[PDB]
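In: Here is my input; please provide its structure:
(chains A, B, C, D, E, F, G, H, I, J, K and L)
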There are 12 protein chains.
Amino acid sequence: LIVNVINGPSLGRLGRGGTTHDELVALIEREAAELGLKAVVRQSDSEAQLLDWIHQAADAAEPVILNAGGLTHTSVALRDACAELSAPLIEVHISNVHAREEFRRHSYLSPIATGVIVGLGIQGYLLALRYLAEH
Amino acid sequence: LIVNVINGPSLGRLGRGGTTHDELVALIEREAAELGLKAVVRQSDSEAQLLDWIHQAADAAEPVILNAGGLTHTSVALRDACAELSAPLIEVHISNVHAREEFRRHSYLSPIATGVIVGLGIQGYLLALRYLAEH
Amino acid sequence: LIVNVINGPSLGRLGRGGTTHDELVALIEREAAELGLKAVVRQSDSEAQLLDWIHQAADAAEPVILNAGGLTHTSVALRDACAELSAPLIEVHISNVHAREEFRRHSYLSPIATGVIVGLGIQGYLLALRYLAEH
Amino acid sequence: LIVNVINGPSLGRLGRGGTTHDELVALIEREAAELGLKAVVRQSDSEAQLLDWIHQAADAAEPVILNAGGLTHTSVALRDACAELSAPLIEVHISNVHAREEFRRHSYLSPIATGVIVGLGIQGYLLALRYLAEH
Amino acid sequence: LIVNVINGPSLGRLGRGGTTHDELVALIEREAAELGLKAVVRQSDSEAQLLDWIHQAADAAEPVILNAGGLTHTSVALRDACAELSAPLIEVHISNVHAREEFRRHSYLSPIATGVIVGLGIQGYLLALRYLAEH
Amino acid sequence: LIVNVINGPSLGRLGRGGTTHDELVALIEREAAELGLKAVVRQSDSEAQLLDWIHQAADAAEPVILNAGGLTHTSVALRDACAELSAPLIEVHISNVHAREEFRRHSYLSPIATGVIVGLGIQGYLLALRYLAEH
Amino acid sequence: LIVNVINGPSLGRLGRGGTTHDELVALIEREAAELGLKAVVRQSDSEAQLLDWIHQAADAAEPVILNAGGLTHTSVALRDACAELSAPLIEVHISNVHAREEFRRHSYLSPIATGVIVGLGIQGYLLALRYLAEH
Amino acid sequence: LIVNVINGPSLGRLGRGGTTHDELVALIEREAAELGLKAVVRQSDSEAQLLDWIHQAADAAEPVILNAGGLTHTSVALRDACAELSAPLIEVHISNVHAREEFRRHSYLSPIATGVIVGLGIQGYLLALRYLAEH
Amino acid sequence: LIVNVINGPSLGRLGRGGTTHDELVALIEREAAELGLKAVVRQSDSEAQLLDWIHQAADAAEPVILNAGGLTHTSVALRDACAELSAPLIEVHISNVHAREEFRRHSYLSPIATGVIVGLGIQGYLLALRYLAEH
Amino acid sequence: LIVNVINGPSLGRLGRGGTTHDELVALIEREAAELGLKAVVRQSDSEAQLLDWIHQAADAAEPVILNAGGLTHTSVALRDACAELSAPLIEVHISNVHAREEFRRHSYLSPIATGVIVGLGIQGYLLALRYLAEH
Amino acid sequence: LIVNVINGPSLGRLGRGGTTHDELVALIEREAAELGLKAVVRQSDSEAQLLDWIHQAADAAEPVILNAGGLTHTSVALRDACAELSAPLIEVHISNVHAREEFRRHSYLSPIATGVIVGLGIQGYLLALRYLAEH
Amino acid sequence: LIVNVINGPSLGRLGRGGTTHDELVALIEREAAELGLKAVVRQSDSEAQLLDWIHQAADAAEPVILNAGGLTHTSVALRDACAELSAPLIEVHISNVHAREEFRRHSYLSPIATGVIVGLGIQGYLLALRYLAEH
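Out: Numbering: from 1, shown residues only, chains lettered A, B, ... in the order given. The relevant structure is shown in the block below.
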C-alpha cells in the first residue's frame, strides 16, 4: 500500500530537463493514486537524513524507491541501512550513468537492491511504482 | 508504433521462475496491445542472428528492448550494431546482475543504451514497453 | 580516567544479535566502572556529529574507542580528525569484516589508530576499555 | 564583485601552522577589500551544509574558492553540485597533497574546477582571490 | 578450559619493546590462571610445526590464539589448516600492521578467523584470552 | 630577490590563447619588477637544457617556477634534479590537467614541489611570483 | 550410460600432433565401449550450435565432456548454458594453457565445471570418460 | 596470386563515410587487378563463417587481409584460427581505434598478424594489397 | 615403471570426503599395480621435505604426480625444483579450485607441469597414473 | 605536395634487415617522386630535435609520417607537438610491436594520429606516402 | 672479519652452469682468505633453518650475503628476520631475474638490503665479499 | 681490454656522499689500470648523447657499465640501444632503489642487461669492472 520515495543530493535541484523536484513529487503522487498506492516522497542532501528514512522503512517493512544521487557510488553506510530493508528496494537513476564517467558505473546499492532502473528519466520512478503495485 | 523485443542466449530456456519464453512473448504482446503498440519479439542464441535483427531495427528506425543474455558482457560487435540505432534502446536483465559475479557488473551495451532495467523479472520488459509508449 | 566511545551509523540499530545500542551503553558503562574509568558513549549517523566528538576528544586529550560503521571504509575526513588525537584510538568492528565483501577489508582509520579489534562482538568494546585501563 | 570561500572539514581546526580559521577569514576579508571584492567565507564539517552553500552560489552565479578537506577525495555529491557552478571554481589545498598518501592525489573536484592551488599555505586563498579579481 | 597460543616466526625474538618471548609465556600463563583457563603457548619458525599444532587443536576442538608473524600474509597452507578449527580462532598482531607496508595489510587468516586484534602490544594476547573465557 | 622561471616543451608555442611566449616573459618581468623581484625566464624543448638550468638554481639556492610541459608526467630525471632545490619550487600548468586525459593527472614533480598551480592560465605564473615575494 | 563430448572451435582442425578430429572420435568411441558407455561426440565452430548441444544435455540430464577451444576464455553465454547441467561437466584442454599466454589462464567454465583436465593431450578425453564411468 | 579479404561484423553496413560494402569489394577488385592479384572478398557477421574462411586460407596457404570488426577485441577463437595461417595476415581497421574507447585499443589479432593498418579508411585495404603484391 | 606421488600440506588430513590419506595410498598402490607401475606415495607438511623428494625424482628421472596443497599458490621454490624434472609432472587438486577463492585460481606449478587435473576427487590421482602408464 | 618523414631513435641504426637509413631515404625519395610528392626525410635521436621538426610541419601545415622509435611509448611531449599538426599524421613501426613486449603495445601517438601502420617493414613508409598522395 | 653466506633452496643443486655448491663454498672460502675475511657459507632448503642463521648473524652483528632462491619473492618472514640485521646485507642472484618471469622481478628482501647483485653468476658472491672487505 | 662507463643525469652532481663525478672517474681509472683494463668514463644529461655512446660501444663490441640515472625507469629508447650491445652490459645504481619510491623499482634496462648492481655506492662501478676483467 505505502511506498517510500527517497531522493538524495542534489535532486532538490531538478529543473534549475524542465521537471522540478515538486513536479516530480506531484507526478509520483498522481501515478501512485492511479495504482492504488500511497507515495511518500522525501528528499535530502543529508546522508544521515536519508539513513533515518531508510531505517524507518526497514522498521515499517515498506518498499523503497531510492535515488541516492552521488552517494550511490560512495556510501557504504547507505548500503548497510538499505541492506536491512525486507520489502523491495528499487534503485533509480534519471540519467544513464553508464554513459558518463567510469566512477558512476559502480554502485554500492545495486547488489542489495531488488532491481535498478537508469536512464529513463523521471519515468523510472513511475515504472518503479508500477513494479511495486504488481507485486 | 512498432517495438522490437530481442532476446539473446539462452532466454529460450526461461522456465526449464515458472514463465517460459512463449509465455513471455504472450505477456509482452498483450501489454503492447494495451499500450497501442505492436511488439515483435524474437529470440536467438546466434550473435549473428541478433546483429541482423538489430541492423533491421536500425534501418527501420524502430525502438529495441534488448536482453542479450551473456553477450551483454562480452560482445563489442553487438554494441556496435546497437550504436547505430536512432530510436531508443532499452537494455533489460531479468535478474539483478549486480548481485552475482563481478564480471556480470560490466555491460558493453549500457553506455550506448537509452536506459537499463535489471532485477525486476519479466516485468522489466513490460515497463520498458510502457516507457516507449509514453515517449 | 575518561574514555570516549563513539559509534557511527547505523549502530543505533543494534538489535532490530540481541544486544541493543542501549544495552551496549550499559555494558560499556558497567565495565568502565569496574576498571575505574568513566565511559562517555555516543552514537550518530552524522559524519559531522562524529567529527565534532572526535575534535572534542582531541582538545581534551581523551582516548577514543571508535566504531565508525560504514564510514570506516569511505571517510578521509574522519581519518583526518582522528589523526589529530594524541591519546589512544582503538578501532572496533563487531563483525569480522575480513569475512565479508572485499571493500570492507580496507579502512581509512586503521593506519592512524593505535590498534584495531574486529569480529569479537560487543566484547571488543570491553576489551578496548581494558586495554586503555592498563595503559 | 562577491566571492564565496567555502571550507569543509575540519578547517575549523586550523591552529590547534599558527593561523586559525578566524585569522584566515580576516586575512581573506582584508585581501578581498584590497582587490575591490567582497568575500563571504564559510566553514562546515557537514557535506550537506557545503552542498547548500554551493547551490546558492550556483543560483547567484557567484565564484567559489573551495577547500573541501577530505571530502575532496571522496564526495561525488560535492562534485555534482560544483559542476553546476557557472562562475569560476578554484580548488585550494593548504598542504601539498601530492607529498602525502597516494589516496590524497585524487580529487573528484579538480576536473570540474577552473583551476587548483595546492601547497602554498593559506596564501593559496589570497592568490585565488587575486585570480578572480583579474578575471 | 584449554587455550592454545601459537606464535610463528620470529616471535622467539621478542626483546632482542622489552618483553621477551618467555616473559610473554609467563604473562599469558598468569592471565589464563586468573581466568580459570589453561594456556598452552608454543612458538616455532617452522610453518610445518605450526600446521601440526593447528591440526592438533582442530582434533581436540580447542580454541587458538595465533600470531603467525610474516606467514600471516603469505601462507594459504596455514589458512587451510586453521579453516579446519571448530573452536574459535583469534588472530593477533602486536604492532599495528595497517601503519606499515601495504603488503602487511592483507592476511590470509583474517577471513577464517573469529576475530583479529592488532596494535595493542602483547596485551592483545591477554584480551584474546579474556574473550575466550567469556565465551 | 631572483626567481627562475623555467618552461619546458613546447611552451615556445604559446599563441600559434592569444599570449605568446615572449608576451609571457614580458608579463612575468613586469610583475616581478612590481614585486621587487628579478625574473629570469627561460624556455627549452631539451630535457637536458632544463636539467642544467635546474642544477644552476640548486647551486645558487634560487627559487624556481617550473612548467615542464609533457615532461611533467614522464621524467624522473627532472624530478631528481628539482629534488635537489633548497629554495621553493612552484609547479605550474596553464590548462587544468585534471580535465583532460587521465595520464596528465599524474606528475613526477608535484610530490617534491612546494606547491602546484593548474588551470589559471598564464596568471598562475604571476601568482607564483607573488607567493615567492611574500615568502 | 550416455556421455556427450562437445568440441568447439577449431578442434575440427586437429592434425592439419598427428591425431585428427575423426581419429579422436574413434578413440573416444572405443574407450567408451570399453567402459560400458556410449559416447556422442560432436564438434562445431558455432557458439550457438554448442549452446544447443549443451541445452540438450541439460534436458536429458546427460554428462558432458567439453572442450570449448577459445570460447573457454571469452563466452559467458556458454558458461550460463553449462551452469544448467545437472550431470557432471568435465572441462578439457589438450595443451597446457598455463604454459601459454596469460589470457588463456582464465576460463569462464572452470568454476561451474565438476573438474578440469589440461595438458594431457587427447588422453584427457579418455580419462574424463573413465571418471564418468566410475561415477 | 590470390588474396583473401575477410570482413567481419558489421562491415556489411558500410554506407548506411559514403562507401558501401559493395563499392569496397569493387575498389579492392580493381586494385587487385592492377597489382596482378586476384582478390576474394568476403563478409559475414558470423564468427563461425569467418573461422571457416580463415581455415580455408590456412589450407590453401593464401594471404589474408582481415577486418574482424568488434571480434578483433573479443575473439580468441579467431586469433587461434589466424595463428594457423602460414602466408601473411594483415589486420585492418578503417577508423583509428586508438582515438576511441580504451577497450578498442586491444586486439587479440595484432600479435599474430604480420602487420596492422588502422585509421586510413578503406584505403588501408588497398595498401594492404600493395604490401602483399610487393612480397 | 616407478611413479612418485607427492602430497603436500595438509593432505595428511584427508578424512578428519570419507577417504583418509592411508586409504589414498592404498588406492593409488592398487591402481599402480594394475597398470604395471610402482607407486611411491609420500606426504609432508614441510616445503623442504617436498623439495627434497622432488630433487630426488629429478635425479632419478622419475615422473611425479604432485598435489602441493596450499603451496601450489604461494611457493616459487617448489616451482623451481619441479622445473628441473625431466620426466612428466602432473599437478592434481582434489577439489575444483576454480569454484573457490580467486587466490586459488593461480598456481606457480601449472605452467611448468605437463598437465593438471582438478575437481575429480581422489580419482585424479588414478587418472594421472593411467596417463603416465600410457606414456 | 611536400611530405615530412621523421624518424626518431635509433633508426639511424637500420642495417647494423639489410636496409640502412640512407637506403631508406632513397627508397622513400624515389616513391615520393613517383607519386608526384617531395619527401623530406629526417632522423634524430634527440627528442627536442624531433619536436622542432614537428613544430615546423605544424606551422607549414605539411603532413608527417613519423616513426618515433621508443619515444612512441614514453613521450607526452612529442604527442603534444603532433597534436598541433593540422595536416595528416601517419604513425609507422617497421616491426609488429604487438608481437613483442606488452609495454610496446601502448603509444602516446596513435590516438592523435590519423592512422598507424605497423609490422610491414620499411614498406609502411611507402604505403603511408601513397595514402597521402591519394588524399 | 667474519662473513655469513646464506643460500636458500635449491642452491644445493648448482651443477646438476658447471659449478656445484661445494665448488662455490670453496671459491668463496678462497676469496675470503684473500680479502682477510672468514666466510661461513651455509645452505638449506628450510625457511626456518635460514631464519635461524639470520637471527644468529643479527645477534653476532655479522654481515650476510644472502641468496634466498625462490623465497626471495615470497617470504615476508625472511624479510623480517633480515630487517633485524645491523651489519650489511647483500642480496645475490646468480641469474638475471629481470630477464625471466615478471613474478621474479619483485623481492621482499631488496628494500631492507644494503644492496643487490643479480646476473653476474657465482662471481656476485665474490664481489659481495669484496664490497664487505672494503667496508 | 676497453670498458665504457656511461653515466646519465644527473651524475655530474655527485658530491654537491662526498665523492664527486671527477673523483669517480679517477677511482674507476685507477681500478681499471689495476685490472689491466682501460676505462672510458663519460657522463651526460642528454639521452641522445648517451644513445650515441651506446651505439658506439655496440659497433666496437666493447662492454658497458651504465648508470642511466632516472632514464633507467623511463627510457625505452635507451633500452633499445643497449639491446644492440653484444658485449656485456652491467647496470649500476649507487643507492638502493628498492628502498625508495615504488616507481624506481622498475627498470627498462635490467631485462636486457647481463646483470645489475644496486646500493653498493660508487664501489658498484669497481666491482662491475672486476666482473668484466674476470670475463
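In: the helices in chain A, which residues?
Out: A:21-35, A:47-60, A:76-82, A:123-133 (DSSP state H).
In: Mean neighbour count added to those helices, as CSV?
Out: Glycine gets a C-beta too; all of them are placed from N, C-alpha and C. Below are the helices of chain A laid out as CSV (neighbours: other CB atoms under 10 Å in any protein chain shown):
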stretch, mean neighbour count
helix A:21-35, 16
helix A:47-60, 21
helix A:76-82, 24
helix A:123-133, 23
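In: Which one of these lies nearest to residue E:22?
Out: Residue E:22 lies closest to helix A:76-82 among those, at 43.8 Å (CB to CB).
In: Pull the number of nearby residues for residue A:101.
Out: 12 (other CB atoms under 10 Å in any protein chain shown).
In: gap between it and residue A:95?
Out: 11 Å (CB to CB, to the nearest Å).
In: now residue A:62
Out: 26 Å.
In: And those two? Which one has more around it.
Out: Ranked by neighbour count (other CB under 10 Å), residue A:62 and residue A:95 place residue A:62 first, with 18 against 14.
In: Spit out the contact partners of that one.
Out: If a contact means CB atoms under 8 Å, 6 or more residues apart in numbering or on different chains, then residue A:62 has A:2-4, A:56, A:87 as its contacts.
In: now with 10 Å?
Out: A:1-4, A:38, A:40, A:56, A:85-88 (CB atoms under 10 Å, 6 or more residues apart in numbering or on different chains).
In: Tell me which of the helices of chain A sits nearest to residue F:109.
Out: Smallest distance to residue F:109 across the helices of chain A (CB to CB): 34.6 Å, for helix A:76-82.
In: returning to that earlier point: export the contacts of residue A:62 to a markdown table and append columns for distance to residue H:116.
Out: Shown next, in a markdown table, are these (distance: CB to CB, whole Å):
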| residue | distance to residue H:116 |
| --- | --- |
| A:1 | 62 |
| A:2 | 61 |
| A:3 | 55 |
| A:4 | 55 |
| A:38 | 62 |
| A:40 | 59 |
| A:56 | 60 |
| A:85 | 52 |
| A:86 | 56 |
| A:87 | 55 |
| A:88 | 50 |
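In: Looking at chain A, which residue is nearest chain F?
Out: residue A:102 (9.5 Å; CB to the nearest CB).
In: Please tell me how far that residue sits from residue E:107.
Out: 30 Å.
In: which of those two has more neighbours?
Out: Of the pair residue A:102 and residue E:107, residue E:107 is the one with more neighbours under other CB under 10 Å, namely 22 against 10.
In: who touches the residue nearest to the more buried one when sequence neighbours are not counted in this structure?
Out: Nearest residue to residue E:107 in three dimensions, chain neighbours excluded: residue E:72, at 4.9 Å (CB to CB, 6 or more residues apart in numbering or on different chains). Applying CB under 10 Å, 6+ apart, we find residue E:72 in contact with E:8, E:66, E:78-79, E:91-93, E:97, E:104, E:106-110, E:116, K:76-77.
In: Please pick the buried ones from the contacts of residue A:62.
Out: A:3-4, A:40, A:85, A:87-88 (16 or more other CB atoms under 10 Å in any protein chain shown).
In: Output the helices of chain A in JSON lines; the columns should cover distance to chain I.
Out: Below are those laid out as JSON lines (distance: least, CB to the nearest CB, whole Å):
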{"stretch": "helix A:21-35", "distance to chain I": "42"}
{"stretch": "helix A:47-60", "distance to chain I": "32"}
{"stretch": "helix A:76-82", "distance to chain I": "21"}
{"stretch": "helix A:123-133", "distance to chain I": "34"}
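In: so which of the ones you listed comes closest to chain H?
Out: It is, among those and with distance given as CB to the nearest CB, helix A:123-133, at 25.9 Å.
In: and that closest one, what does it pack onto?
Out: Judged by 3 or more CB pairs under 10 Å, 6 or more residues apart in numbering or on different chains; DSSP states H and E, helix A:123-133 is in contact with strand A:2-7, helix A:21-35, strand A:38-43, strand A:64-67, strand A:89-93, strand A:115-118, strand B:115-118, helix B:123-133.
In: Work out the gap between that helix and the centre of the chain.
Out: 10 Å (CA atoms, centre = their mean, to the nearest Å).
In: follow-up on the earlier one: what's near enough to touch the residue of chain A closest to chain F?
Out: With CB under 10 Å, 6+ apart, residue A:102 has these contacts: B:111, F:102, H:102.
In: who touches the residue of chain A found nearest chain E in this structure?
Out: Proximity of chain A to chain E (CB to the nearest CB) peaks at residue A:76, 17.7 Å away. Applying CB under 10 Å, 6+ apart to residue A:76 gives the contacts A:83, A:108, C:9, C:69-75, C:101, C:103-104.
In: Reformat those as a markdown table; add distance to residue A:47.
Out: Listed next are the contacts of residue A:76 as a markdown table, based on distance: CB to CB, whole Å:
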| residue | distance to residue A:47 |
| --- | --- |
| A:83 | 15 |
| A:108 | 12 |
| C:9 | 8 |
| C:69 | 12 |
| C:70 | 10 |
| C:71 | 9 |
| C:72 | 14 |
| C:73 | 14 |
| C:74 | 10 |
| C:75 | 11 |
| C:101 | 20 |
| C:103 | 17 |
| C:104 | 18 |
